[PDB]
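Undergrad: Please read through the structure below; I'll follow up with questions.
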Amino acid sequence: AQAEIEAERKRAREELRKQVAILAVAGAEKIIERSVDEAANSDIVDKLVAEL
Amino acid sequence: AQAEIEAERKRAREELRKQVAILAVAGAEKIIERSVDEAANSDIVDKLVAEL
Amino acid sequence: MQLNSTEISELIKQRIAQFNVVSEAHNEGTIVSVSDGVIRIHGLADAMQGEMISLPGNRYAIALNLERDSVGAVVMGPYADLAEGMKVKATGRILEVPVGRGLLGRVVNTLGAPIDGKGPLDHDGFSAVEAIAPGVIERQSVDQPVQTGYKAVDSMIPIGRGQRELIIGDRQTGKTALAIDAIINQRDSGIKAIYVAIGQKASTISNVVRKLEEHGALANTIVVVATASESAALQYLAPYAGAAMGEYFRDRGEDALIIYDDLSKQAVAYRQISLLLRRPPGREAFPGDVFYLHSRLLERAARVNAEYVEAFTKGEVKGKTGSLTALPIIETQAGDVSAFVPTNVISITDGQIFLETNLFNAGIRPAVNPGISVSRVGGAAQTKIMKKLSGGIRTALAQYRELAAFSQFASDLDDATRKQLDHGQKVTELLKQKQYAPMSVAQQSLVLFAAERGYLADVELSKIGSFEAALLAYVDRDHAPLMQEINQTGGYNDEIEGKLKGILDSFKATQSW
Amino acid sequence: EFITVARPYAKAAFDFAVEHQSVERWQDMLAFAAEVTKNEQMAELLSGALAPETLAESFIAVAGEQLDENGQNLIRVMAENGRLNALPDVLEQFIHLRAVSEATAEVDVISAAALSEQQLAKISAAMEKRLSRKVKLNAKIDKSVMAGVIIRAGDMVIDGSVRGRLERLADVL
Amino acid sequence: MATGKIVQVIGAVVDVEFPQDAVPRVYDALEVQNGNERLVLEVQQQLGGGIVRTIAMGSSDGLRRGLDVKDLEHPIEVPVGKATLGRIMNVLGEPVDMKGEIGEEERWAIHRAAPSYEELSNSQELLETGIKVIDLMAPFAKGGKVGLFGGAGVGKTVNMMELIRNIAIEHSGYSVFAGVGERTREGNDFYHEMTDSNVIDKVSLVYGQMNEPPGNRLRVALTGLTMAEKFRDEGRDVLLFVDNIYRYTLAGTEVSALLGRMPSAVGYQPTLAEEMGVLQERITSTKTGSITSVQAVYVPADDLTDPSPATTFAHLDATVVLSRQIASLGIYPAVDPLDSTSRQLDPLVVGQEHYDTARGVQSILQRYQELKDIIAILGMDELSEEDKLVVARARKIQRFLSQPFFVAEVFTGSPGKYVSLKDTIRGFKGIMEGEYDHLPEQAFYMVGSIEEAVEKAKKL
Amino acid sequence: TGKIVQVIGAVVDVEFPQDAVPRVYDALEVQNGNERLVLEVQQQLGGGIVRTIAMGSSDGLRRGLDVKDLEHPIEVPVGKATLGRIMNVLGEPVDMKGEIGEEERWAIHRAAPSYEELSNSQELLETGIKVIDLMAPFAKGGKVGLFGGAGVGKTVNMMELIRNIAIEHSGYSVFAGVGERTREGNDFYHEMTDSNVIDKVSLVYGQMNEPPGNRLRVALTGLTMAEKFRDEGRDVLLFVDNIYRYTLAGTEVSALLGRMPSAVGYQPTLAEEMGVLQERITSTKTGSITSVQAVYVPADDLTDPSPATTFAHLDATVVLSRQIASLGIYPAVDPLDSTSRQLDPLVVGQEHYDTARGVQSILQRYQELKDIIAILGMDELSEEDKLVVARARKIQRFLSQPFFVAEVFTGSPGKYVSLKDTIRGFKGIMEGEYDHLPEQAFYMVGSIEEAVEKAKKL
Amino acid sequence: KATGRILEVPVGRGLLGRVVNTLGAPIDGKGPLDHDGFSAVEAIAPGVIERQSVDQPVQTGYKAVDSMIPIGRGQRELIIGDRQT
Amino acid sequence: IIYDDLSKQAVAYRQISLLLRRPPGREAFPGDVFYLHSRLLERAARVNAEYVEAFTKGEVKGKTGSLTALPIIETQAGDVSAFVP
Ligand SMILES: Nc1ncnc2c1ncn2[C@@H]1O[C@H](COP(=O)(O)OP(=O)(O)OP(=O)(O)O)[C@@H](O)[C@H]1O
Ligand SMILES: Nc1ncnc2c1ncn2[C@@H]1O[C@H](COP(=O)(O)OP(=O)(O)OP(=O)(O)O)[C@@H](O)[C@H]1O
Ligand SMILES: Nc1ncnc2c1ncn2[C@@H]1O[C@H](COP(=O)(O)OP(=O)(O)O)[C@@H](O)[C@H]1O
Ligand SMILES: [Mg+2]
Ligand SMILES: [Mg+2]
Ligand SMILES: [Mg+2]
């Protein structure tokens, strides 16, 4: 079972790497109280690929 | 043995949540850094003073 | 295997939908000194005594000294990272712990954080750590048994559901073993168990948990841990968290057994806290209110009538009485019961079980001293048969010890005195029992019947143990229905005595030790 | 710290100044008395174990801007108990009691950038109703907060900074 | 209006600053809102300017510096009179039995002066208890004070319960029970016992349990004393039972250190003897009415040398000492005949017969205590035959002093026995003489009257 | 940046600008004459004042000296570079050889391993000492504590344990001398070098001559080296020459730190100070640490708070008695107070358990009879009591054993005794097979066959 | 007045045969001291590596001591007992 | 060197210590009492030739210095178990 979950974690990384994309909600939709234009349209994927 | 395996799986899932949260808020910080607006800041100020 | 890796993302993201933009307001203070886990705070005009104070990071402090122009607080964790001038926010919350049925089988620190590594806690909300005990009018008399599984304790010194029974003795005399065996025995009695570890080293707790897991007891038990390394605040608060966790069951009408291990270490931690706060030391350098600490801690263990349970549950549970049973442990240094903490704890509790080094070295294990040990609930806690058998037994053994003191050099013994001496020696031999081997009520009753009705007399002293083992095996194989009847009912009648007498005669005739 | 011992002297001095309607002069005298205490040679003199009266008469010598009938009495009273070092704290508590008596409160405002006059006006108006006292705002905008504003009055704090929101959000972890 | 403000909260001690012209008097009550719950404070000291140090009659948790404190210009006053009968009240005189309002007509301050020298009485009317050792060695007197000394677990509570069942039921008069520092379970059991036996209507109960803060335990006894004094001043004869006097001094010791007093002796407060005298001197029988009191006194580690048990010895009239050394043998009531004593035990009261019997028993037991030391090492054959006879008869008397109480059947499983004074005298006379030399030692153990020891000897 | 403002014995107060106050446990540096003195921060007082303990002689310090703030705690070399060398508390080399070829340095103040990481083990570790492995056997990776007064022989027993245990253990070892004799350290180092085993042992020495700060902090350095060896995944052996001195140094410095005295004048934080040190010496799933600690007992009072607190942290406790040592019986182990967690029928098996409990009961009965014997003499005893006394005396004699390290004292050659031989001999003695032999036959004999051989010549 | 010296005491072979106060002042009537400079009263003993093992004999006259309780050069040997023994 | 009545020294530290209000430990001696004797006695040692050469600056070679000490302690009623002994 440990050897199964060890590979499954390596499978899990891509879902974690994908879902870091959705950060515009966490900061933007809280701090401006309105929906916001995607000023970080390039910086979002920059953060995604650099952080994970 | 089966209970130990299930417990390790739950711990791994919580570990992944801990992993994602820190980098998510750290990326939201940069979203603020590169999407902030002086009109949005003034809106925040006027909103909080209107309900102090 | 872990397709949930997609869904944990949604769980994370919905937190943002849960978050709130409201700007709150709070009272603020600044740290002016940091030393040995105690911090002095300037400001905090609105701080309350016993309030949870929030520190940088996710750390908390407890306000204890509300002096003029300064607040003294103790840090509940590693204090070394704090620094002068840090900003401190006063919340409105008192200390609360997670509580609920889901705590069973989990190992949690005094704050309720799970340290077993079995993932996050399932719980039924939070309850205050500090709480008042039920008043006079809300309690009900203790008349129900909690079986220890030890012949000596269950016979001479009964413990009832709702009693406070002190286990007191010197180091390495088996105090922990007795309590964990009492926990083990509850695996099938329905009584929930709480084991609170104050100041013990973590490897001992690992061994205890492993022993509880080797049997079926762990799934019925909650373990609260405050290792020797943790700060004094956590150690001194540890018993109260366990008390609240047990009180969860007590108010819903369920029975809980809570073991406080080494309350002396809690008193030591509280003495450290008081001395660091520059409070005046009393006798033996202990603070004056140390009695109030243990007294208000132990008074929570009580049996409440059905009306209180109905009021607490708002009618969800009706007709059931809840009970919390506490077994504090105190270590004496050289048998000296005159020390401050032992005197206080002896004054508070409903009785004590004395374990002493001399009997343990003599081979009498458990080393229960029948003379100085006493239960203040007595026969009301026993089943009828056990009460009938042991009532004479305990004082007979005490007076036997006295007579053996008297007779030690007399060549001529009157036949009555010879009967008393032989009977006392055989009864003393009878009560010895191996660790991790609890005996059911029926077996204890059978052995005590064999002792009381004179059947043991002719058997030589050494064979008494083999006599007992052979009798237990023979009765278990040949006479199971009577054992089941005794275990279930616990009743005693003329036909019960007749069947027991017939069993004894048949065993003594047919069998061999 | 001399905070606890300074209180009775500050209270007495303030009540006396109120009964004689001379608060401002007293505040100036207290400031002057607090400055001479910080003198390097006077600090050594105060640290030494001189007799109270000789130390007092030596202290009065270095002050010619004191109202002798009342200021000398104050100094001699503090000297007789060795409290002369408490003067910088007596001054602060005197100022605090004066501000309480005049029903006036100082407020500090911290934000990522300078505020407009209208925002300042609304802040002052809200705070005056919150405290039921007159307010005097000061702006100490900060390099680290990137948005929002912090309002501190007394020790009560209202936080609307985005930094505070970021940390409060991570706490839900 | 409220005119004071809390300035310090340390433990159970709260300091309040008032205006300099309205400082509360000593022992005055104070009131403050601890959130939802109203809290009462008792002023102990006036210090500095306008500051008073107070003991909180409740939990200090939740108090803040700055809370407004109202000044109640009277000490703690409690309801008194017949309205109190059958009710359970706390230190403050508030009902805690859920039965509703007390409905009193008069209230009395708990702090009051002791009766003056001229008002005292010496009416030492003998009182029978039905216990062999108590009636023989330490006879009670009406209007006297009785103390039950002993360590933890020696039988003070069961002895007091037996005494209550004997006298207070037959007394035909009002009685007050002060549960100072008692266990809540035992107080509940006692209340239910009084209810089931249907005598609760004649008795009023005041309870301060262990879990309560030190102020409640410190002041709870004075409430019972005030109720008993109210009943006495009417001219009635009342019985006063105190659960444990020692816990009152323990509460005083707890509060003393924070009150700025320096320690003394074994860490007791310096005012130990003054407080003890102040409480004890109000429990007296004056010319208008009599108060008979039975007090249990905890002896720490059974050391009678300790100042708290040592001081109270002088205030009592009959002193019954329970010793764990006897209790270790299981022979209850475990009363020590060689330490117990009573003022009434002189020929002018008890008559020559009782005095002679008591002195004989004391001398025989004293001789046996010496002979046992020789026996322990050298063996019994080294004694003179007369010393052997003395050892035998003394060992018989020692067991004959035991008696089953029918308030302890739960423990023993045997029926209780009641004995008259005359039968006790005759039995001890018979054992002192040759009438019963032939009976075994076990023939007397927990028997009762001498008239049935022969029956157990036949049964043995 | 800092200025010294007070010097009280070993405690030095330093004032810093309020924006730069050093954290707790930060190391400071000050020039003291012609040498550099390190100070460790203990408490943060108000107004930028910080209270520190000097890691050296504090004499010659003036007020107003400039103090330099290092931004990190005391860090010591770790790893294989420390093998075979003697190191100071500060991690400096003390032998005359060159600098330590360190690759990594670790802070000495570290957190204990979490509850999850702990590992249980029951592998009995055999010793050559009859009484120790009979009455109080201990397992690999456990804690052993030697309790004794002054002069009863803690150090000799520890050296014999070192000699025996090192035979079957091929891993690294750490020896930490805390507040003991420098002469013993020099002798140990020289005898290690002569045997060419030095290259497997790291030695940290802060002896009694050192000021209190060195004795207080020295043990943590040894613990840090042992933890470095453990986390690498090895099996390490840790020996603490005297754990008592650590608490004694804490007591010495406690009063100057402004903390009210407790109990017998010990520091109030005694229990926490002992626990934080003891909790780090634990075997872990990544690696195991076997620990032997000598515990001084002040004035032979086993009820003193310092010995009393130590009892709970240990797995096996061996108590040495002065009264037995005065008989000339060595090792002077008290068998009625020595106890081990491992004395359990499941692990040791039934025969060992029964023999140990029989010996314990016989000796208890002898102790009970001795009070009568003192007054009336042995003649008054019953014939079974006399046999009990005769067997108990033989058992007491047989517990003695000649040590290889004690040859310089006794002259007679040392003995190594197997567990099988000791259990067989004690069972034979209790069964009465050897009741015809005199008491002296058993004195200082390795095995029972040697006992019968000595009997032939009496 | 603060002298610049840490506490020091006269030392040297010239002290031999003199009766001296703890400060170094002579109390006999035999005049001033000839000495080889001063030495610090408080000092740290030589470390581990500077010691050498004791193997030379200091012989006290008494047979019991030199036979049963040998004393070596560089050893520390406690003499302990009751009054007037 | 033969120190006489090292006990009479320990009584003297207690006086200088109790006069300085320092908290006493067991009996009435301060906890530093062990450090007092330990630092005095530990100076008695035998030093190898290399230390002598380093100290003498090469003037003396190949000779090992030594300092033997015989401290005297006085016990009440022959009680060897007292604190200071
Ligand atoms: N009934 C028994 N029969 C035999 N051995 C027993 C019995 N009870 C306990 N022991 C043994 O006694 C020893 C001490 O037991 P335990 O750890 O419970 O003691 P303790 O009083 O809690 O000790 P401590 O002071 O270390 O906490 C253990 O070796 C245990 O196995
Ligand atoms: N097996 C043995 N045979 C003979 N003598 C022994 C033996 N073991 C110990 N001793 C004696 O023990 C004495 C002191 O031993 P050791 O130096 O180990 O004591 P210690 O307990 O460490 O004392 P300290 O507290 O002074 O450090 C030695 O002088 C030696 O004679
Ligand atoms: N007269 C008696 N008969 C039988 N048992 C007694 C008697 N007196 C005391 N005991 C035993 O002593 C225990 C404690 O008695 P109690 O009076 O409650 O203690 P305390 O004196 O501390 O209040 C009881 O449980 C009971 O078993
Ligand atoms: Mg234990
Ligand atoms: Mg009682
Ligand atoms: Mg040693």
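By order in the structure tokens, chains are A, B, ...; within a chain, residues start at 1; ligands start at 1, following the order shown.
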Any idea which chain G residues end up within 10 Å of chain H if we count only C-alpha atoms, as a ChimeraX atom specification please?

TA: /G:42-56,58,71-85

Undergrad: If the limit is 10 Å from any atom of ligand 5, counting only C-alpha atoms and all ligand atoms, which residues qualify? Return them as a PDB file with N, CA, C and O atoms, in the first residue's frame.

TA:
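Final output, part_3.pdb:
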ATOM      1  N   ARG C 376     -14.680   4.622  50.522  1.00  0.00           N
ATOM      2  CA  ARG C 376     -15.741   5.253  51.295  1.00  0.00           C
ATOM      3  C   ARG C 376     -17.130   4.974  50.747  1.00  0.00           C
ATOM      4  O   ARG C 376     -18.115   5.270  51.428  1.00  0.00           O
TER       5      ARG C 376
ATOM      6  N   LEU E 148     -14.646  15.772  67.122  1.00  0.00           N
ATOM      7  CA  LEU E 148     -14.245  14.448  66.646  1.00  0.00           C
ATOM      8  C   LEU E 148     -12.948  14.592  65.861  1.00  0.00           C
ATOM      9  O   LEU E 148     -12.965  14.898  64.667  1.00  0.00           O
ATOM     10  N   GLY E 150      -9.503  13.313  64.025  1.00  0.00           N
ATOM     11  CA  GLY E 150      -9.024  12.147  63.314  1.00  0.00           C
ATOM     12  C   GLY E 150      -8.461  12.532  61.966  1.00  0.00           C
ATOM     13  O   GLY E 150      -8.741  13.610  61.431  1.00  0.00           O
ATOM     14  N   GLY E 151      -7.650  11.628  61.429  1.00  0.00           N
ATOM     15  CA  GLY E 151      -7.134  11.778  60.088  1.00  0.00           C
ATOM     16  C   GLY E 151      -8.182  11.433  59.050  1.00  0.00           C
ATOM     17  O   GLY E 151      -9.344  11.157  59.349  1.00  0.00           O
ATOM     18  N   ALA E 152      -7.755  11.461  57.791  1.00  0.00           N
ATOM     19  CA  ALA E 152      -8.646  11.092  56.701  1.00  0.00           C
ATOM     20  C   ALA E 152      -8.933   9.597  56.733  1.00  0.00           C
ATOM     21  O   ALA E 152      -8.014   8.779  56.818  1.00  0.00           O
ATOM     22  N   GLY E 153     -10.212   9.240  56.659  1.00  0.00           N
ATOM     23  CA  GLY E 153     -10.588   7.843  56.573  1.00  0.00           C
ATOM     24  C   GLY E 153     -10.587   7.081  57.879  1.00  0.00           C
ATOM     25  O   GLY E 153     -10.295   5.881  57.883  1.00  0.00           O
ATOM     26  N   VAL E 154     -10.907   7.736  58.990  1.00  0.00           N
ATOM     27  CA  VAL E 154     -10.934   7.070  60.284  1.00  0.00           C
ATOM     28  C   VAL E 154     -12.346   6.892  60.828  1.00  0.00           C
ATOM     29  O   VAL E 154     -12.536   6.085  61.749  1.00  0.00           O
ATOM     30  N   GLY E 155     -13.335   7.602  60.298  1.00  0.00           N
ATOM     31  CA  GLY E 155     -14.702   7.365  60.715  1.00  0.00           C
ATOM     32  C   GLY E 155     -15.412   8.577  61.279  1.00  0.00           C
ATOM     33  O   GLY E 155     -16.433   8.434  61.956  1.00  0.00           O
ATOM     34  N   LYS E 156     -14.885   9.775  61.023  1.00  0.00           N
ATOM     35  CA  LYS E 156     -15.518  10.974  61.561  1.00  0.00           C
ATOM     36  C   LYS E 156     -16.920  11.157  61.000  1.00  0.00           C
ATOM     37  O   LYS E 156     -17.860  11.468  61.741  1.00  0.00           O
ATOM     38  N   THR E 157     -17.086  10.949  59.693  1.00  0.00           N
ATOM     39  CA  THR E 157     -18.379  11.200  59.066  1.00  0.00           C
ATOM     40  C   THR E 157     -19.423  10.196  59.534  1.00  0.00           C
ATOM     41  O   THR E 157     -20.552  10.573  59.861  1.00  0.00           O
ATOM     42  N   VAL E 158     -19.066   8.911  59.578  1.00  0.00           N
ATOM     43  CA  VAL E 158     -20.035   7.910  60.007  1.00  0.00           C
ATOM     44  C   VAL E 158     -20.361   8.072  61.484  1.00  0.00           C
ATOM     45  O   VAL E 158     -21.507   7.867  61.900  1.00  0.00           O
ATOM     46  N   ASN E 159     -19.375   8.446  62.302  1.00  0.00           N
ATOM     47  CA  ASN E 159     -19.658   8.716  63.705  1.00  0.00           C
ATOM     48  C   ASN E 159     -20.614   9.889  63.853  1.00  0.00           C
ATOM     49  O   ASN E 159     -21.540   9.845  64.671  1.00  0.00           O
ATOM     50  N   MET E 160     -20.409  10.951  63.073  1.00  0.00           N
ATOM     51  CA  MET E 160     -21.319  12.085  63.159  1.00  0.00           C
ATOM     52  C   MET E 160     -22.711  11.718  62.665  1.00  0.00           C
ATOM     53  O   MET E 160     -23.705  12.191  63.221  1.00  0.00           O
ATOM     54  N   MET E 161     -22.804  10.874  61.637  1.00  0.00           N
ATOM     55  CA  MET E 161     -24.110  10.423  61.167  1.00  0.00           C
ATOM     56  C   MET E 161     -24.826   9.605  62.233  1.00  0.00           C
ATOM     57  O   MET E 161     -26.033   9.771  62.445  1.00  0.00           O
ATOM     58  N   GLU E 186     -21.414  13.501  49.455  1.00  0.00           N
ATOM     59  CA  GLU E 186     -21.832  13.218  50.821  1.00  0.00           C
ATOM     60  C   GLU E 186     -22.936  14.158  51.277  1.00  0.00           C
ATOM     61  O   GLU E 186     -23.851  13.732  51.987  1.00  0.00           O
ATOM     62  N   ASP E 243     -19.401  20.184  59.472  1.00  0.00           N
ATOM     63  CA  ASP E 243     -18.842  19.077  58.704  1.00  0.00           C
ATOM     64  C   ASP E 243     -17.349  18.935  58.949  1.00  0.00           C
ATOM     65  O   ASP E 243     -16.859  17.834  59.221  1.00  0.00           O
ATOM     66  N   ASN E 244     -16.607  20.034  58.838  1.00  0.00           N
ATOM     67  CA  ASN E 244     -15.173  19.993  59.108  1.00  0.00           C
ATOM     68  C   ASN E 244     -14.702  21.408  59.416  1.00  0.00           C
ATOM     69  O   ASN E 244     -14.688  22.262  58.526  1.00  0.00           O
ATOM     70  N   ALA E 296     -16.411  17.949  63.552  1.00  0.00           N
ATOM     71  CA  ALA E 296     -15.331  17.102  63.070  1.00  0.00           C
ATOM     72  C   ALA E 296     -14.120  17.960  62.737  1.00  0.00           C
ATOM     73  O   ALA E 296     -14.237  18.995  62.076  1.00  0.00           O
TER      74      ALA E 296
END

Undergrad: Show me which residues sit within 9 Å of ligand 1 when counting only C-alpha atoms and all ligand atoms, and put them as a PDB file with C-alpha atoms, in the first residue's frame.

TA:
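The result, stored in selection30.pdb:
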ATOM      1  CA  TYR C 150      -8.189  -7.434  40.122  1.00  0.00           C
ATOM      2  CA  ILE C 168      -1.042   6.250  45.921  1.00  0.00           C
ATOM      3  CA  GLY C 169       2.379   4.722  46.431  1.00  0.00           C
ATOM      4  CA  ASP C 170       6.090   4.933  45.834  1.00  0.00           C
ATOM      5  CA  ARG C 171       7.898   4.804  42.508  1.00  0.00           C
ATOM      6  CA  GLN C 172       7.972   1.510  40.601  1.00  0.00           C
ATOM      7  CA  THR C 173       5.222  -0.139  42.635  1.00  0.00           C
ATOM      8  CA  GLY C 174       2.731  -0.739  39.816  1.00  0.00           C
ATOM      9  CA  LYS C 175       0.500   2.338  40.008  1.00  0.00           C
ATOM     10  CA  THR C 176       0.306   2.752  36.229  1.00  0.00           C
ATOM     11  CA  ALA C 177      -0.195  -0.983  35.672  1.00  0.00           C
ATOM     12  CA  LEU C 178      -3.276  -1.093  37.894  1.00  0.00           C
ATOM     13  CA  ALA C 179      -4.879   1.862  36.123  1.00  0.00           C
ATOM     14  CA  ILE C 180      -4.187   0.578  32.623  1.00  0.00           C
ATOM     15  CA  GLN C 200       5.704  11.318  31.365  1.00  0.00           C
ATOM     16  CA  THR C 204       6.420   5.345  27.943  1.00  0.00           C
ATOM     17  CA  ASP C 261      -1.575   9.949  35.882  1.00  0.00           C
ATOM     18  CA  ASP C 262       0.730  11.670  38.382  1.00  0.00           C
ATOM     19  CA  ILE C 329      -2.393   8.767  40.819  1.00  0.00           C
ATOM     20  CA  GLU C 331       3.595   9.258  43.966  1.00  0.00           C
ATOM     21  CA  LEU C 355       0.775   0.320  47.078  1.00  0.00           C
ATOM     22  CA  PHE C 360       5.946  -5.669  46.069  1.00  0.00           C
ATOM     23  CA  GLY C 363       6.122 -10.956  45.859  1.00  0.00           C
ATOM     24  CA  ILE C 364       2.635  -9.714  46.741  1.00  0.00           C
ATOM     25  CA  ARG C 365       1.627  -8.187  43.407  1.00  0.00           C
ATOM     26  CA  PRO C 366      -0.578  -6.169  43.247  1.00  0.00           C
ATOM     27  CA  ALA C 367       0.911  -4.777  46.471  1.00  0.00           C
ATOM     28  CA  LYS C 432      -1.833 -12.388  43.999  1.00  0.00           C
ATOM     29  CA  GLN C 433      -2.548 -11.931  40.308  1.00  0.00           C
ATOM     30  CA  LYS C 434      -0.463 -11.561  37.166  1.00  0.00           C
ATOM     31  CA  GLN C 435      -0.426  -8.407  35.064  1.00  0.00           C
ATOM     32  CA  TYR C 436      -2.746  -8.009  32.054  1.00  0.00           C
ATOM     33  CA  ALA C 437      -4.958 -10.902  33.246  1.00  0.00           C
TER      34      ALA C 437
ATOM     35  CA  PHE F 311      13.809   8.273  37.994  1.00  0.00           C
ATOM     36  CA  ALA F 312      10.854   8.719  35.650  1.00  0.00           C
ATOM     37  CA  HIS F 313      12.940   9.388  32.523  1.00  0.00           C
ATOM     38  CA  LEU F 314      14.934   6.142  32.646  1.00  0.00           C
ATOM     39  CA  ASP F 315      14.063   2.646  31.454  1.00  0.00           C
ATOM     40  CA  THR F 339      14.559  -2.294  38.562  1.00  0.00           C
ATOM     41  CA  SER F 340      14.144  -2.413  34.805  1.00  0.00           C
ATOM     42  CA  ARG F 341      11.280  -2.118  32.356  1.00  0.00           C
ATOM     43  CA  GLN F 342      12.592  -5.270  30.663  1.00  0.00           C
ATOM     44  CA  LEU F 343      12.034  -7.571  33.673  1.00  0.00           C
ATOM     45  CA  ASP F 344       8.907  -8.948  32.037  1.00  0.00           C
ATOM     46  CA  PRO F 345       8.157 -12.648  31.394  1.00  0.00           C
TER      47      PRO F 345
END

Undergrad: Both chains have the same sequence, so superpose chain A on chain B over all Cα atoms paired in order and return it as a compact mmCIF listing (two decimals) with C-alpha atoms, in the first residue's frame.

TA:
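Once everything was written out, this is selection-v4.txt:
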# COMPACT_ATOMS: atom_id res chain seq x y z
CA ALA A 1 -4.57 3.58 6.49
CA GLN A 2 -7.92 5.10 5.50
CA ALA A 3 -8.57 6.11 9.10
CA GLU A 4 -5.10 7.67 9.20
CA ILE A 5 -5.61 9.74 6.04
CA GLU A 6 -9.09 10.76 7.25
CA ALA A 7 -7.60 12.54 10.26
CA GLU A 8 -4.65 13.79 8.21
CA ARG A 9 -7.09 15.56 5.87
CA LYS A 10 -8.54 17.36 8.89
CA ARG A 11 -4.95 18.30 9.69
CA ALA A 12 -4.48 19.36 6.06
CA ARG A 13 -7.38 21.85 6.14
CA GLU A 14 -5.41 24.42 8.13
CA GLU A 15 -2.57 24.52 5.60
CA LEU A 16 -5.15 24.97 2.83
CA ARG A 17 -6.88 27.62 4.95
CA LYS A 18 -3.56 29.39 5.54
CA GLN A 19 -2.29 29.30 1.97
CA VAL A 20 -5.44 30.82 0.46
CA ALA A 21 -3.97 34.05 1.87
CA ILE A 22 -1.50 34.23 -1.02
CA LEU A 23 -3.83 35.37 -3.79
CA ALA A 24 -2.44 38.87 -4.31
CA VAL A 25 0.15 37.29 -6.59
CA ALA A 26 -2.28 35.31 -8.74
CA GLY A 27 -4.47 38.21 -9.78
CA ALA A 28 -2.62 41.38 -8.88
CA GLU A 29 0.90 40.59 -10.10
CA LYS A 30 -0.54 39.36 -13.42
CA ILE A 31 -3.12 42.01 -14.25
CA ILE A 32 -1.19 45.20 -13.39
CA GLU A 33 2.22 43.85 -14.55
CA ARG A 34 3.72 45.75 -11.62
CA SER A 35 3.69 45.10 -7.90
CA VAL A 36 0.61 46.59 -6.27
CA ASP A 37 -0.28 48.31 -3.02
CA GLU A 38 -2.34 46.09 -0.70
CA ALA A 39 -5.67 47.84 -1.14
CA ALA A 40 -7.46 44.67 0.01
CA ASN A 41 -5.47 44.62 3.27
CA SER A 42 -8.67 43.79 5.20
CA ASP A 43 -10.47 41.90 2.42
CA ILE A 44 -7.68 39.30 2.15
CA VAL A 45 -8.28 37.90 5.64
CA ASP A 46 -12.01 38.35 5.02
CA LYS A 47 -11.75 36.02 2.03
CA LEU A 48 -9.49 33.63 3.95
CA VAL A 49 -11.85 33.20 6.90
CA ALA A 50 -15.13 33.30 4.94
CA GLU A 51 -14.18 30.92 2.13
CA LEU A 52 -12.59 28.22 4.30

Undergrad: Chain F residues within 12 Å of chain D, counting only C-alpha atoms: which ones, as a PyMOL selection string?

TA: chain F and resi 45-47
